[PDB]
Amino acid sequence: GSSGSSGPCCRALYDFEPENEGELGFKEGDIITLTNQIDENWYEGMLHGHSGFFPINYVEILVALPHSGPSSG
């Protein structure tokens, strides 16, 4: 199959509900697109037409973002 174009994406290992405004609640299985990073343990993406931040201790990064520079090494 020809998808066309694909970028960095992550998979949720469990379910997480938003506690504070903005929070981006995910669901075990739902792939959360990756756009940018605000925190050192949080990420940013688009899900259900909503732009919010989500924890990394719940999802796994399959494709390392294109971002370049200093990083855990």
# chains A, B, ... in the order shown; residues from 1 in each chain; ligands from 1
$ residues_around --residues "segment 46-53 of chain A" --least-positions-apart "6" --cutoff "7 Å" --atoms "only C-alpha atoms" --output "PyMOL selection string"
chain A and resi 22-24+32-33
$ write_last_selection --atoms "N, CA and C atoms" --output "PDB file, in the first residue's frame"
ATOM      1  N   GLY A  22      -6.186  22.244  28.540  1.00  0.00           N
ATOM      2  CA  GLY A  22      -5.137  22.059  27.554  1.00  0.00           C
ATOM      3  C   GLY A  22      -4.697  20.614  27.439  1.00  0.00           C
ATOM      4  N   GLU A  23      -4.515  19.960  28.582  1.00  0.00           N
ATOM      5  CA  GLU A  23      -4.090  18.565  28.603  1.00  0.00           C
ATOM      6  C   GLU A  23      -4.694  17.794  27.434  1.00  0.00           C
ATOM      7  N   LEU A  24      -3.877  16.962  26.797  1.00  0.00           N
ATOM      8  CA  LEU A  24      -4.330  16.166  25.661  1.00  0.00           C
ATOM      9  C   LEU A  24      -4.482  14.699  26.051  1.00  0.00           C
ATOM     10  N   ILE A  32      -0.423   9.488  18.598  1.00  0.00           N
ATOM     11  CA  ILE A  32      -0.379  10.935  18.769  1.00  0.00           C
ATOM     12  C   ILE A  32       0.705  11.558  17.896  1.00  0.00           C
ATOM     13  N   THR A  33       0.284  12.349  16.913  1.00  0.00           N
ATOM     14  CA  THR A  33       1.218  13.006  16.008  1.00  0.00           C
ATOM     15  C   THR A  33       2.233  13.843  16.779  1.00  0.00           C
TER      16      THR A  33
END
$ residues_around --residues "residue 36 of chain A" --least-positions-apart "4" --cutoff "8 Å" --atoms "only C-alpha atoms" --output "list in words"
residues 43, 44 and 45 of chain A
$ write_last_selection --atoms "N, CA, C and O atoms" --output "PDB file, in the first residue's frame"
ATOM      1  N   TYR A  43       5.384  16.374  25.120  1.00  0.00           N
ATOM      2  CA  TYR A  43       5.457  16.585  23.680  1.00  0.00           C
ATOM      3  C   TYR A  43       4.244  17.364  23.180  1.00  0.00           C
ATOM      4  O   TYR A  43       3.324  17.657  23.945  1.00  0.00           O
ATOM      5  N   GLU A  44       4.250  17.695  21.893  1.00  0.00           N
ATOM      6  CA  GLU A  44       3.149  18.439  21.291  1.00  0.00           C
ATOM      7  C   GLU A  44       2.718  17.803  19.974  1.00  0.00           C
ATOM      8  O   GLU A  44       3.546  17.311  19.208  1.00  0.00           O
ATOM      9  N   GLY A  45       1.413  17.813  19.717  1.00  0.00           N
ATOM     10  CA  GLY A  45       0.893  17.233  18.493  1.00  0.00           C
ATOM     11  C   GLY A  45      -0.572  17.557  18.275  1.00  0.00           C
ATOM     12  O   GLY A  45      -1.167  18.318  19.038  1.00  0.00           O
TER      13      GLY A  45
END
$ select_by_dssp --residues "chain A" --states "strand (DSSP E)" --output "list in words"
residues 9, 10, 11, 12, 31, 32, 33, 42, 43, 44, 45, 46, 47, 50, 51, 52, 53, 54, 55, 59, 60 and 61 of chain A
$ write_last_selection --atoms "N, CA, C and O atoms" --output "PDB file, in the first residue's frame"
ATOM      1  N   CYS A   9       5.798   9.676  14.838  1.00  0.00           N
ATOM      2  CA  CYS A   9       4.584   9.375  15.590  1.00  0.00           C
ATOM      3  C   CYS A   9       4.893   8.474  16.782  1.00  0.00           C
ATOM      4  O   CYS A   9       5.900   7.766  16.793  1.00  0.00           O
ATOM      5  N   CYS A  10       4.020   8.508  17.782  1.00  0.00           N
ATOM      6  CA  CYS A  10       4.200   7.697  18.982  1.00  0.00           C
ATOM      7  C   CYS A  10       2.934   6.910  19.301  1.00  0.00           C
ATOM      8  O   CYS A  10       1.841   7.268  18.861  1.00  0.00           O
ATOM      9  N   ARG A  11       3.089   5.835  20.067  1.00  0.00           N
ATOM     10  CA  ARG A  11       1.957   4.995  20.442  1.00  0.00           C
ATOM     11  C   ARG A  11       1.734   5.027  21.951  1.00  0.00           C
ATOM     12  O   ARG A  11       2.685   4.995  22.731  1.00  0.00           O
ATOM     13  N   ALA A  12       0.469   5.094  22.355  1.00  0.00           N
ATOM     14  CA  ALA A  12       0.120   5.129  23.770  1.00  0.00           C
ATOM     15  C   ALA A  12       0.096   3.725  24.365  1.00  0.00           C
ATOM     16  O   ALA A  12      -0.512   2.812  23.804  1.00  0.00           O
ATOM     17  N   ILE A  31      -2.534   6.782  18.057  1.00  0.00           N
ATOM     18  CA  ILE A  31      -1.251   7.386  17.718  1.00  0.00           C
ATOM     19  C   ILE A  31      -1.319   8.907  17.807  1.00  0.00           C
ATOM     20  O   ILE A  31      -2.163   9.539  17.172  1.00  0.00           O
ATOM     21  N   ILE A  32      -0.423   9.488  18.598  1.00  0.00           N
ATOM     22  CA  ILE A  32      -0.379  10.935  18.769  1.00  0.00           C
ATOM     23  C   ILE A  32       0.705  11.558  17.896  1.00  0.00           C
ATOM     24  O   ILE A  32       1.896  11.330  18.108  1.00  0.00           O
ATOM     25  N   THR A  33       0.284  12.349  16.913  1.00  0.00           N
ATOM     26  CA  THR A  33       1.218  13.006  16.008  1.00  0.00           C
ATOM     27  C   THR A  33       2.233  13.843  16.779  1.00  0.00           C
ATOM     28  O   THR A  33       1.969  14.282  17.899  1.00  0.00           O
ATOM     29  N   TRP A  42       7.498  16.129  28.079  1.00  0.00           N
ATOM     30  CA  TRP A  42       6.223  16.311  27.395  1.00  0.00           C
ATOM     31  C   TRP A  42       6.435  16.571  25.907  1.00  0.00           C
ATOM     32  O   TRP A  42       7.530  16.943  25.483  1.00  0.00           O
ATOM     33  N   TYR A  43       5.384  16.374  25.120  1.00  0.00           N
ATOM     34  CA  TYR A  43       5.457  16.585  23.680  1.00  0.00           C
ATOM     35  C   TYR A  43       4.244  17.364  23.180  1.00  0.00           C
ATOM     36  O   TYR A  43       3.324  17.657  23.945  1.00  0.00           O
ATOM     37  N   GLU A  44       4.250  17.695  21.893  1.00  0.00           N
ATOM     38  CA  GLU A  44       3.149  18.439  21.291  1.00  0.00           C
ATOM     39  C   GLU A  44       2.718  17.803  19.974  1.00  0.00           C
ATOM     40  O   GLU A  44       3.546  17.311  19.208  1.00  0.00           O
ATOM     41  N   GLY A  45       1.413  17.813  19.717  1.00  0.00           N
ATOM     42  CA  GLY A  45       0.893  17.233  18.493  1.00  0.00           C
ATOM     43  C   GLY A  45      -0.572  17.557  18.275  1.00  0.00           C
ATOM     44  O   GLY A  45      -1.167  18.318  19.038  1.00  0.00           O
ATOM     45  N   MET A  46      -1.154  16.980  17.229  1.00  0.00           N
ATOM     46  CA  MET A  46      -2.559  17.212  16.913  1.00  0.00           C
ATOM     47  C   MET A  46      -3.367  15.925  17.049  1.00  0.00           C
ATOM     48  O   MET A  46      -3.030  14.902  16.452  1.00  0.00           O
ATOM     49  N   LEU A  47      -4.434  15.983  17.837  1.00  0.00           N
ATOM     50  CA  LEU A  47      -5.291  14.822  18.052  1.00  0.00           C
ATOM     51  C   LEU A  47      -6.750  15.241  18.194  1.00  0.00           C
ATOM     52  O   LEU A  47      -7.096  16.043  19.062  1.00  0.00           O
ATOM     53  N   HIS A  50      -7.457  18.798  18.291  1.00  0.00           N
ATOM     54  CA  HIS A  50      -7.069  19.493  19.513  1.00  0.00           C
ATOM     55  C   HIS A  50      -5.551  19.512  19.670  1.00  0.00           C
ATOM     56  O   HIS A  50      -4.890  18.482  19.528  1.00  0.00           O
ATOM     57  N   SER A  51      -5.005  20.687  19.962  1.00  0.00           N
ATOM     58  CA  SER A  51      -3.565  20.840  20.133  1.00  0.00           C
ATOM     59  C   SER A  51      -3.206  20.983  21.608  1.00  0.00           C
ATOM     60  O   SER A  51      -3.493  22.003  22.233  1.00  0.00           O
ATOM     61  N   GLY A  52      -2.575  19.950  22.160  1.00  0.00           N
ATOM     62  CA  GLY A  52      -2.186  19.979  23.558  1.00  0.00           C
ATOM     63  C   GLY A  52      -0.919  19.190  23.824  1.00  0.00           C
ATOM     64  O   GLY A  52      -0.362  18.573  22.916  1.00  0.00           O
ATOM     65  N   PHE A  53      -0.463  19.209  25.072  1.00  0.00           N
ATOM     66  CA  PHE A  53       0.747  18.491  25.454  1.00  0.00           C
ATOM     67  C   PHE A  53       0.403  17.181  26.157  1.00  0.00           C
ATOM     68  O   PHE A  53      -0.615  17.079  26.842  1.00  0.00           O
ATOM     69  N   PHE A  54       1.260  16.180  25.982  1.00  0.00           N
ATOM     70  CA  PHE A  54       1.047  14.875  26.598  1.00  0.00           C
ATOM     71  C   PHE A  54       2.348  14.328  27.176  1.00  0.00           C
ATOM     72  O   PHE A  54       3.444  14.632  26.703  1.00  0.00           O
ATOM     73  N   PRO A  55       2.228  13.502  28.225  1.00  0.00           N
ATOM     74  CA  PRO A  55       3.384  12.894  28.893  1.00  0.00           C
ATOM     75  C   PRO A  55       4.071  11.847  28.022  1.00  0.00           C
ATOM     76  O   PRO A  55       3.435  11.213  27.180  1.00  0.00           O
ATOM     77  N   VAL A  59       3.671   7.159  26.500  1.00  0.00           N
ATOM     78  CA  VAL A  59       3.824   6.816  25.092  1.00  0.00           C
ATOM     79  C   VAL A  59       5.279   6.509  24.756  1.00  0.00           C
ATOM     80  O   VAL A  59       6.188   6.875  25.501  1.00  0.00           O
ATOM     81  N   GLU A  60       5.492   5.834  23.630  1.00  0.00           N
ATOM     82  CA  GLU A  60       6.837   5.478  23.197  1.00  0.00           C
ATOM     83  C   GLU A  60       7.174   6.142  21.864  1.00  0.00           C
ATOM     84  O   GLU A  60       6.361   6.147  20.939  1.00  0.00           O
ATOM     85  N   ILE A  61       8.376   6.700  21.776  1.00  0.00           N
ATOM     86  CA  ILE A  61       8.821   7.366  20.558  1.00  0.00           C
ATOM     87  C   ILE A  61       9.460   6.375  19.591  1.00  0.00           C
ATOM     88  O   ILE A  61      10.607   5.965  19.775  1.00  0.00           O
TER      89      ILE A  61
END
$ atom_distance --atom1 "atom CA of residue 6 of chain A" --atom2 "atom CA of residue 34 of chain A"
10.9 Å
$ decode --residues "segment 24-72 of chain A" --atoms "N, CA and C atoms" --output "PDB file, in the first residue's frame"
ATOM      1  N   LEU A  24      -3.877  16.962  26.797  1.00  0.00           N
ATOM      2  CA  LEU A  24      -4.330  16.166  25.661  1.00  0.00           C
ATOM      3  C   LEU A  24      -4.482  14.699  26.051  1.00  0.00           C
ATOM      4  N   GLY A  25      -5.694  14.321  26.445  1.00  0.00           N
ATOM      5  CA  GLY A  25      -5.952  12.947  26.836  1.00  0.00           C
ATOM      6  C   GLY A  25      -5.848  11.983  25.672  1.00  0.00           C
ATOM      7  N   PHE A  26      -5.076  10.916  25.855  1.00  0.00           N
ATOM      8  CA  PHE A  26      -4.892   9.917  24.808  1.00  0.00           C
ATOM      9  C   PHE A  26      -5.549   8.596  25.198  1.00  0.00           C
ATOM     10  N   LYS A  27      -5.378   7.585  24.352  1.00  0.00           N
ATOM     11  CA  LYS A  27      -5.952   6.269  24.606  1.00  0.00           C
ATOM     12  C   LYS A  27      -5.030   5.165  24.097  1.00  0.00           C
ATOM     13  N   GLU A  28      -4.787   4.167  24.940  1.00  0.00           N
ATOM     14  CA  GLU A  28      -3.923   3.052  24.574  1.00  0.00           C
ATOM     15  C   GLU A  28      -4.204   2.592  23.146  1.00  0.00           C
ATOM     16  N   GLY A  29      -3.269   2.873  22.244  1.00  0.00           N
ATOM     17  CA  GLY A  29      -3.435   2.482  20.857  1.00  0.00           C
ATOM     18  C   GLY A  29      -3.476   3.673  19.920  1.00  0.00           C
ATOM     19  N   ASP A  30      -4.151   4.735  20.344  1.00  0.00           N
ATOM     20  CA  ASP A  30      -4.264   5.943  19.535  1.00  0.00           C
ATOM     21  C   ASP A  30      -2.896   6.583  19.320  1.00  0.00           C
ATOM     22  N   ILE A  31      -2.534   6.782  18.057  1.00  0.00           N
ATOM     23  CA  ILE A  31      -1.251   7.386  17.718  1.00  0.00           C
ATOM     24  C   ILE A  31      -1.319   8.907  17.807  1.00  0.00           C
ATOM     25  N   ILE A  32      -0.423   9.488  18.598  1.00  0.00           N
ATOM     26  CA  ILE A  32      -0.379  10.935  18.769  1.00  0.00           C
ATOM     27  C   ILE A  32       0.705  11.558  17.896  1.00  0.00           C
ATOM     28  N   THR A  33       0.284  12.349  16.913  1.00  0.00           N
ATOM     29  CA  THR A  33       1.218  13.006  16.008  1.00  0.00           C
ATOM     30  C   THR A  33       2.233  13.843  16.779  1.00  0.00           C
ATOM     31  N   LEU A  34       3.395  14.059  16.173  1.00  0.00           N
ATOM     32  CA  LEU A  34       4.452  14.844  16.802  1.00  0.00           C
ATOM     33  C   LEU A  34       4.766  16.091  15.982  1.00  0.00           C
ATOM     34  N   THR A  35       4.764  17.245  16.644  1.00  0.00           N
ATOM     35  CA  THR A  35       5.050  18.509  15.978  1.00  0.00           C
ATOM     36  C   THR A  35       6.232  19.218  16.627  1.00  0.00           C
ATOM     37  N   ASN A  36       6.177  19.364  17.946  1.00  0.00           N
ATOM     38  CA  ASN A  36       7.245  20.025  18.688  1.00  0.00           C
ATOM     39  C   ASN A  36       7.234  19.599  20.154  1.00  0.00           C
ATOM     40  N   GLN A  37       8.247  20.032  20.898  1.00  0.00           N
ATOM     41  CA  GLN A  37       8.352  19.696  22.312  1.00  0.00           C
ATOM     42  C   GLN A  37       8.486  20.955  23.163  1.00  0.00           C
ATOM     43  N   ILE A  38       7.700  21.027  24.231  1.00  0.00           N
ATOM     44  CA  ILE A  38       7.731  22.176  25.127  1.00  0.00           C
ATOM     45  C   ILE A  38       8.510  21.862  26.399  1.00  0.00           C
ATOM     46  N   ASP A  39       8.248  20.694  26.974  1.00  0.00           N
ATOM     47  CA  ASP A  39       8.927  20.271  28.193  1.00  0.00           C
ATOM     48  C   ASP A  39       9.975  19.206  27.890  1.00  0.00           C
ATOM     49  N   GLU A  40      10.652  18.736  28.933  1.00  0.00           N
ATOM     50  CA  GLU A  40      11.682  17.716  28.777  1.00  0.00           C
ATOM     51  C   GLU A  40      11.079  16.316  28.847  1.00  0.00           C
ATOM     52  N   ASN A  41       9.834  16.238  29.306  1.00  0.00           N
ATOM     53  CA  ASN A  41       9.142  14.960  29.424  1.00  0.00           C
ATOM     54  C   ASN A  41       7.771  15.020  28.757  1.00  0.00           C
ATOM     55  N   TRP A  42       7.498  16.129  28.079  1.00  0.00           N
ATOM     56  CA  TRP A  42       6.223  16.311  27.395  1.00  0.00           C
ATOM     57  C   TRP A  42       6.435  16.571  25.907  1.00  0.00           C
ATOM     58  N   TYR A  43       5.384  16.374  25.120  1.00  0.00           N
ATOM     59  CA  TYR A  43       5.457  16.585  23.680  1.00  0.00           C
ATOM     60  C   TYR A  43       4.244  17.364  23.180  1.00  0.00           C
ATOM     61  N   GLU A  44       4.250  17.695  21.893  1.00  0.00           N
ATOM     62  CA  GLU A  44       3.149  18.439  21.291  1.00  0.00           C
ATOM     63  C   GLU A  44       2.718  17.803  19.974  1.00  0.00           C
ATOM     64  N   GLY A  45       1.413  17.813  19.717  1.00  0.00           N
ATOM     65  CA  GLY A  45       0.893  17.233  18.493  1.00  0.00           C
ATOM     66  C   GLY A  45      -0.572  17.557  18.275  1.00  0.00           C
ATOM     67  N   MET A  46      -1.154  16.980  17.229  1.00  0.00           N
ATOM     68  CA  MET A  46      -2.559  17.212  16.913  1.00  0.00           C
ATOM     69  C   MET A  46      -3.367  15.925  17.049  1.00  0.00           C
ATOM     70  N   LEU A  47      -4.434  15.983  17.837  1.00  0.00           N
ATOM     71  CA  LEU A  47      -5.291  14.822  18.052  1.00  0.00           C
ATOM     72  C   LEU A  47      -6.750  15.241  18.194  1.00  0.00           C
ATOM     73  N   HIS A  48      -7.605  14.692  17.336  1.00  0.00           N
ATOM     74  CA  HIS A  48      -9.029  15.007  17.368  1.00  0.00           C
ATOM     75  C   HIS A  48      -9.259  16.502  17.180  1.00  0.00           C
ATOM     76  N   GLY A  49      -8.402  17.133  16.383  1.00  0.00           N
ATOM     77  CA  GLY A  49      -8.528  18.558  16.135  1.00  0.00           C
ATOM     78  C   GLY A  49      -8.194  19.390  17.357  1.00  0.00           C
ATOM     79  N   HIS A  50      -7.457  18.798  18.291  1.00  0.00           N
ATOM     80  CA  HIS A  50      -7.069  19.493  19.513  1.00  0.00           C
ATOM     81  C   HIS A  50      -5.551  19.512  19.670  1.00  0.00           C
ATOM     82  N   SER A  51      -5.005  20.687  19.962  1.00  0.00           N
ATOM     83  CA  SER A  51      -3.565  20.840  20.133  1.00  0.00           C
ATOM     84  C   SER A  51      -3.206  20.983  21.608  1.00  0.00           C
ATOM     85  N   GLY A  52      -2.575  19.950  22.160  1.00  0.00           N
ATOM     86  CA  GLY A  52      -2.186  19.979  23.558  1.00  0.00           C
ATOM     87  C   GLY A  52      -0.919  19.190  23.824  1.00  0.00           C
ATOM     88  N   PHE A  53      -0.463  19.209  25.072  1.00  0.00           N
ATOM     89  CA  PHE A  53       0.747  18.491  25.454  1.00  0.00           C
ATOM     90  C   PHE A  53       0.403  17.181  26.157  1.00  0.00           C
ATOM     91  N   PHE A  54       1.260  16.180  25.982  1.00  0.00           N
ATOM     92  CA  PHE A  54       1.047  14.875  26.598  1.00  0.00           C
ATOM     93  C   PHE A  54       2.348  14.328  27.176  1.00  0.00           C
ATOM     94  N   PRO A  55       2.228  13.502  28.225  1.00  0.00           N
ATOM     95  CA  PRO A  55       3.384  12.894  28.893  1.00  0.00           C
ATOM     96  C   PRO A  55       4.071  11.847  28.022  1.00  0.00           C
ATOM     97  N   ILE A  56       5.370  11.671  28.232  1.00  0.00           N
ATOM     98  CA  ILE A  56       6.142  10.699  27.467  1.00  0.00           C
ATOM     99  C   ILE A  56       6.265   9.379  28.221  1.00  0.00           C
ATOM    100  N   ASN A  57       5.988   9.418  29.520  1.00  0.00           N
ATOM    101  CA  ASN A  57       6.066   8.223  30.354  1.00  0.00           C
ATOM    102  C   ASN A  57       4.882   7.298  30.091  1.00  0.00           C
ATOM    103  N   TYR A  58       4.050   7.671  29.125  1.00  0.00           N
ATOM    104  CA  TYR A  58       2.880   6.875  28.776  1.00  0.00           C
ATOM    105  C   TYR A  58       2.955   6.402  27.327  1.00  0.00           C
ATOM    106  N   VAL A  59       3.671   7.159  26.500  1.00  0.00           N
ATOM    107  CA  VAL A  59       3.824   6.816  25.092  1.00  0.00           C
ATOM    108  C   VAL A  59       5.279   6.509  24.756  1.00  0.00           C
ATOM    109  N   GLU A  60       5.492   5.834  23.630  1.00  0.00           N
ATOM    110  CA  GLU A  60       6.837   5.478  23.197  1.00  0.00           C
ATOM    111  C   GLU A  60       7.174   6.142  21.864  1.00  0.00           C
ATOM    112  N   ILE A  61       8.376   6.700  21.776  1.00  0.00           N
ATOM    113  CA  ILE A  61       8.821   7.366  20.558  1.00  0.00           C
ATOM    114  C   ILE A  61       9.460   6.375  19.591  1.00  0.00           C
ATOM    115  N   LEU A  62       8.713   5.996  18.561  1.00  0.00           N
ATOM    116  CA  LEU A  62       9.208   5.053  17.563  1.00  0.00           C
ATOM    117  C   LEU A  62      10.149   5.745  16.582  1.00  0.00           C
ATOM    118  N   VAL A  63       9.792   6.962  16.184  1.00  0.00           N
ATOM    119  CA  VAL A  63      10.606   7.731  15.250  1.00  0.00           C
ATOM    120  C   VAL A  63      11.137   9.001  15.903  1.00  0.00           C
ATOM    121  N   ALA A  64      12.457   9.084  16.038  1.00  0.00           N
ATOM    122  CA  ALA A  64      13.092  10.248  16.643  1.00  0.00           C
ATOM    123  C   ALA A  64      12.859  11.500  15.802  1.00  0.00           C
ATOM    124  N   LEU A  65      12.357  12.550  16.442  1.00  0.00           N
ATOM    125  CA  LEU A  65      12.086  13.807  15.752  1.00  0.00           C
ATOM    126  C   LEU A  65      13.311  14.275  14.972  1.00  0.00           C
ATOM    127  N   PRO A  66      13.073  15.067  13.916  1.00  0.00           N
ATOM    128  CA  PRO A  66      14.145  15.599  13.069  1.00  0.00           C
ATOM    129  C   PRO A  66      14.984  16.648  13.789  1.00  0.00           C
ATOM    130  N   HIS A  67      14.424  17.224  14.847  1.00  0.00           N
ATOM    131  CA  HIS A  67      15.124  18.242  15.624  1.00  0.00           C
ATOM    132  C   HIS A  67      16.585  17.856  15.834  1.00  0.00           C
ATOM    133  N   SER A  68      17.481  18.818  15.633  1.00  0.00           N
ATOM    134  CA  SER A  68      18.910  18.577  15.797  1.00  0.00           C
ATOM    135  C   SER A  68      19.469  19.394  16.957  1.00  0.00           C
ATOM    136  N   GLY A  69      20.643  18.997  17.440  1.00  0.00           N
ATOM    137  CA  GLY A  69      21.267  19.703  18.545  1.00  0.00           C
ATOM    138  C   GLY A  69      21.689  18.771  19.663  1.00  0.00           C
ATOM    139  N   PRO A  70      22.004  19.349  20.832  1.00  0.00           N
ATOM    140  CA  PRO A  70      22.432  18.580  22.005  1.00  0.00           C
ATOM    141  C   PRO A  70      21.294  17.758  22.605  1.00  0.00           C
ATOM    142  N   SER A  71      21.603  16.526  22.994  1.00  0.00           N
ATOM    143  CA  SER A  71      20.605  15.638  23.581  1.00  0.00           C
ATOM    144  C   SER A  71      21.275  14.518  24.373  1.00  0.00           C
ATOM    145  N   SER A  72      20.510  13.895  25.264  1.00  0.00           N
ATOM    146  CA  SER A  72      21.028  12.809  26.088  1.00  0.00           C
ATOM    147  C   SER A  72      21.973  11.920  25.286  1.00  0.00           C
TER     148      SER A  72
END
